[PDB]
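Peer 1: quick one: experimental structure and sequence below.
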Amino acid sequence: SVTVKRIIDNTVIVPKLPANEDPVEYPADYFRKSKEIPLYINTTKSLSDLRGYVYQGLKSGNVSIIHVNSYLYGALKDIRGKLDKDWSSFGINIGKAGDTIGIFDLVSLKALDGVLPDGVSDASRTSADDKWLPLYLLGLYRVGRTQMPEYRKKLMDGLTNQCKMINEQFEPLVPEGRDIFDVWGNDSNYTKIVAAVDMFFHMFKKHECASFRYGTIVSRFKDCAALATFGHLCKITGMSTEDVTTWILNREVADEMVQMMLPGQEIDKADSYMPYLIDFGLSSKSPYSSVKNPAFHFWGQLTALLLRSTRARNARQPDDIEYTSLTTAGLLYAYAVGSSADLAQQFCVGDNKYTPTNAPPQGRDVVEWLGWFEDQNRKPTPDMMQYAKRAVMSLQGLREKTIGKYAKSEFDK
Amino acid sequence: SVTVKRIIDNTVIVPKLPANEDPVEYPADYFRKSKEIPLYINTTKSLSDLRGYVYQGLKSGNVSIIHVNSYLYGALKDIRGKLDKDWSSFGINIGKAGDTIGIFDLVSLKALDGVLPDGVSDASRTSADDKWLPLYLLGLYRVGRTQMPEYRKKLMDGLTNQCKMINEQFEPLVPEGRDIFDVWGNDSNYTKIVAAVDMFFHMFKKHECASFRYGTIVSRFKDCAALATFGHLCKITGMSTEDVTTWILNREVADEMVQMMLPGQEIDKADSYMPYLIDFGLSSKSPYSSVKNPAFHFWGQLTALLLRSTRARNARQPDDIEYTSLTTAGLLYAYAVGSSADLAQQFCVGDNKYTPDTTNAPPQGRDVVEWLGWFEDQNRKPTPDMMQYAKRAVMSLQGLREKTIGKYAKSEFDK
Amino acid sequence: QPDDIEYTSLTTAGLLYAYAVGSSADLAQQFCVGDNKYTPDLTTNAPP
């Protein structure tokens, strides 16, 4: 199939079609360039001054992102952090035993000359400061990413969070639309901060200030959907990481599973830069995204769903994947796990159970099952088709273009 | 299965996936560090003065937690407590026979210099004091933790409670939202207090003031769900603690059952610090939680439900557990207990039943091996009578909250 | 739906193509551990 001809006038035709590009970009395969993450917090002026520019600046449809950055740098050199271990990652060292280190031991620089207000922007504000204002400012990053009345949910809750210890209310004005402070996300030097906070308070999960993650947490494994719908597919079938891998039954799902598992990227690692590959700007196109792993994502999620997953009810159905193979493959995998439970005595009292056509295989072996499928004309049986029905009927509240909505339409009737 | 290869280009792939951490922390395995629970009630000023700062401070959308702490220390050195026994725990002694001791014989310290009002914050308040104000303040901790119109339920009731003996009425203003005085929970030195009160009035269940537990009680076994969904699974099947254990049929349920039963942690103990492991800050991650025991929790609860449990109707379905094995295992265990009742004559008059007198007929009593084997028999796959059993148990259920094991079971079995 | 095309042949041709892809999935073991399914092991009017 690498040469086609019109069987009427026997001429050559060359089936080609528009190229698609943007390759992925792995973390590690970039610390081969630079060896530091450059945080440009220009303008280093005055803390009390800064506390003002924003306290007020917030109360009004306008505050320079470049101000909030410097303010944050301000409150956050709570060096507070005793590295009771070691800490490297990709070559970069960060501290040794006992060593003390702060949030910004991840490489500070400075730059350009534009600044808006000067000195005292209303001296009003006291050092009710490193207590709650940094949190707010970070918290907003979380609310920035959102879409639906989860915004006013994400906020309403993410506002009773500063009330804690410090009981003091609200601030901006215009609800949202993905507009007001929703720009902050697009600020390279800002993300770079939320990522350092999160990554810091991941290491010192305990620290008094570690509550600062409230809106900084949706940065860890940002754009790493598939990579996480995988640890999910594992947890939900009890199967080993290695066994699950073998249950992959479609080329371009393998392709993508490969892509994600590329060695030397610190993914399995404790505390590493890998999770924030996106917000420290190590990668402009994540290789763990659900958009670069459509087949994987769809398959894993569909499967998890048939297996009674709550989460997966609402995963999105990617476009331009091969549906009636991903599904057929998900049905099998699910029906296997589903019909033959684990089951095996665990504790006892000297007395314990010595375990020992077209009847479907014993355990959860891919080859046993695959072969048994070959058997069934490589075409879904009625009990296994019935299985799918019980799993998806009685589902309710189904968003559209979800793998949840997909499954009910495919199996409930 | 510890080495995988692409069968097309015969290359190695190394299935790995993101690490998850936060280990648990057992109580005992910490009194290997410190040997006292440090209650920092700083600011030791004046009782009459304090009674004021808060009486008023409450009326108004603001009161320093650091005040209420000292106030409570204030009213509560009713030493009242004659230890008619002994009392140790984890090495720490607390008293001997006859010995007298107060709520705070659990280690008071002091500290930092920030204080808000000075002296007389309206001398108005009389010693209508160690009678009801401490209760309120504590009672609020309970209302703090809540989520739904159970708040205004928890309060409305937890307000006719001071009306006892004392008898008049309300104080703050703004309903809730998890905000007003809902911060108090996050105050290390505050929790440390509710825990001492509860633990004290657990020991002297009788004491005149022991009514102070009204909102201090949701501290005992806080974050110990699974550990308690287990004594439930026992009570509800009549089975022994040891027998129930054997009926565990999934690896990671055993795993967790182990985790929970780790020896030398005073869990089976009378009055111990173990229950308050969380609020005295002995542990930052409970090993008895339903979040660290998801499989156990789901299995035990699902089972209890099939067994006609009222409580379990509303337990929450954890995420990322292996559902169609936990369930299959729960169905069996339940069907076993369910179909073969205990039943056995107990009393008589010289005349009593000597109990003794085929295929795919399911086993006699409640033996794991007898049943397990009989399951092997049935193609290791749920029969129709046992599947019918599940249906009768879950149909006719109503008022089902979403994401509960109650809602789960009806959807899995009712149809 | 464009106009002035031959519908009951385009459709018939689309049905076939789709039914083919549809009924016979790809499916083929991808990863393993030394143990892997050697694929080889109906009659009339059984579709290809």
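Peer 2: Ah, there it is. Numbers count the residues shown, from 1 in each chain, chains lettered A, B, ... in the order given.
Peer 1: residue A:154: helix or strand, and which one exactly?
Peer 2: helix A:151-157 (DSSP states H and E).
Peer 1: look up phi and psi at the most centrally placed residue in chain C.
Peer 2: In chain C, the centroid-proximal residue (CA atoms, centre = their mean) is residue C:21; its distance is 2.5 Å. Main-chain dihedrals, residue C:21, degrees, to the nearest 10: phi -40, psi -40.
Peer 1: enumerate every residue touching residue A:124.
Peer 2: By CB atoms under 8 Å, 6 or more residues apart in numbering or on different chains, residue A:124 lies in contact with A:52, A:55, A:56. Using the backbone N, CA and C atoms, a C-beta is placed for each residue, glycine as well.
Peer 1: can you tell me the SS state at the residue nearest to the first one when sequence neighbours are not counted?
Peer 2: Excluding its sequence neighbours, the residue lying closest to residue A:52 (CB to CB, 6 or more residues apart in numbering or on different chains) is residue A:121, at 3.9 Å. In three-state terms, and counting by DSSP: H, G, I helix; E, B strand; the rest coil, residue A:121 is coil.
Peer 1: what is the burial count for residue A:121?
Peer 2: 19 (other CB atoms under 10 Å in any protein chain shown).
Peer 1: tell me which parts of chain A are close to chain C?
Peer 2: A:242, A:245-246, A:248-251, A:253-254, A:257, A:322, A:324-325, A:328-329, A:332, A:366-367, A:370-371, A:373-375, A:377-379 (CB under 8 Å from any CB of the partner chain).
Peer 1: can you give me the strands for chain A?
Peer 2: A:4-5, A:12-13, A:39-40, A:108-109 (DSSP state E).
Peer 1: just name the most buried of those.
Peer 2: The highest average neighbour count among those, using mean count of other CB atoms under 10 Å in any protein chain shown, belongs to strand A:39-40 at a mean of 18.
Peer 1: what's in contact with that one?
Peer 2: Under CB under 8 Å, 6+ apart, the answer for strand A:39-40 is A:104, A:106, A:107, A:108, A:109, A:110, A:111, A:188, A:189, A:192, A:193, A:196.
Peer 1: from the contacts of residue A:124, which is closest to residue C:37?
Peer 2: residue A:55 (66.7 Å; CB to CB).
Peer 1: so which bits of chain C are right by chain B?
Peer 2: Residues of chain C lying near chain B (CB under 8 Å from any CB): C:29, C:30, C:31, C:32, C:33, C:36.
Peer 1: PyMOL command to pick out the buried ones of the residues you listed?
Peer 2: A single PyMOL command selects the buried members of the residues of chain C next to chain B (16 or more other CB atoms under 10 Å in any protein chain shown):
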select buried, chain C and resi 29+30+31+32+36
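Peer 1: dump the contacts of strand A:39-40 into a markdown table; add distance to chain B as well.
Peer 2: Listed next are these as a markdown table, based on distance: CB to the nearest CB, whole Å:
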| residue | distance to chain B |
| --- | --- |
| A:104 | 24 |
| A:106 | 20 |
| A:107 | 25 |
| A:108 | 28 |
| A:109 | 30 |
| A:110 | 34 |
| A:111 | 35 |
| A:188 | 25 |
| A:189 | 27 |
| A:192 | 22 |
| A:193 | 23 |
| A:196 | 19 |
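Peer 1: what count of nearby residues applies to residue 16?
Peer 2: Defaulting to chain A. Residue A:16, neighbours per other CB under 10 Å, totals 6.
Peer 1: chain C was what I was after
Peer 2: By other CB under 10 Å, neighbour count at residue C:16 equals 10.
Peer 1: and residue A:82, by the same measure?
Peer 2: Residues near residue A:82, counting by other CB under 10 Å: 14.
Peer 1: which residue is the nearest non-sequential neighbour of it?
Peer 2: Nearest to residue A:82 is residue A:100, by CB to CB, 6+ apart, at 5.9 Å.
Peer 1: contacts only, for that neighbour.
Peer 2: Residue A:100 touches A:79, A:81, A:82, A:83, counting by CB under 8 Å, 6+ apart.
Peer 1: mind doing that once more with 7 Å?
Peer 2: Going by CB atoms under 7 Å, 6 or more residues apart in numbering or on different chains, residue A:100 touches A:79, A:81, A:82.
Peer 1: which of those sits closest to chain C?
Peer 2: Nearest to chain C out of the contacts of residue A:100 is residue A:81 (CB to the nearest CB; 41.5 Å).
Peer 1: that closest one is in contact with residue A:202, isn't it?
Peer 2: No - the criterion here is CB atoms under 7 Å, and residue A:81 misses it with residue A:202 at 11.6 Å.
Peer 1: where along chain C do the helices fall?
Peer 2: C:7-23 (DSSP state H).
Peer 1: nearest spatial neighbour of residue A:224, chain-adjacent residues omitted?
Peer 2: Per CB to CB, 6+ apart, closest to residue A:224 is residue A:288, 3.8 Å.
Peer 1: please apply the same query to residue A:328.
Peer 2: Using CB to CB, 6+ apart, the closest residue to residue A:328 is residue C:25 (4.1 Å).
Peer 1: quick check: the gap between that neighbour and residue A:322.
Peer 2: 9 Å (CB to CB, to the nearest Å).
Peer 1: neighbour-wise, which of these two wins?
Peer 2: Neighbours were counted for residue C:25 and for residue A:322 using other CB under 10 Å; residue C:25 has more, 22 against 19.
Peer 1: gap between stretch A:70-87 and the chain center?
Peer 2: 25 Å (CA atoms, centre = their mean, to the nearest Å).
Peer 1: before we move on, what about stretch A:363-378?
Peer 2: Distance, centroid of stretch A:363-378 to centroid of chain: 34 Å (CA atoms, centre = their mean).
Peer 1: between all of the residues of chain C next to chain B, which two are separated the most?
Peer 2: C:30 and C:33 (12.5 Å).
Peer 1: mark which of the residues of chain A next to chain C are part of helices, please.
Peer 2: A:242, A:245-246, A:251, A:253-254, A:257, A:324-325, A:328-329, A:332, A:366-367, A:370-371, A:373-375.
Peer 1: per-domain residue ranges of chain A.
Peer 2: A:36-218, A:221-412 (curated CATH domains).
Peer 1: quick revisit: for the residue nearest to the residue nearest to the centre of chain C when sequence neighbours are not counted, what are its contacts?
Peer 2: Nearest non-adjacent residue to residue C:21, counting by CB to CB, 6+ apart: residue A:324, 6.8 Å away. Taking CB under 7 Å, 6+ apart, we find residue A:324 in contact with C:21, C:22, C:25.
Peer 1: for residue A:38, which non-adjacent residue is closest in space?
Peer 2: residue A:109 (5.0 Å).
Peer 1: repeat for residue A:49
Peer 2: residue A:119 is the one closest to residue A:49 (CB to CB, 6+ apart), at 6.0 Å.
Peer 1: neighbours around that neighbour, how many?
Peer 2: Residue A:119 has 11 nearby residues by other CB under 10 Å.
Peer 1: residue A:387 now?
Peer 2: Neighbour tally, residue A:387, other CB under 10 Å: 20.
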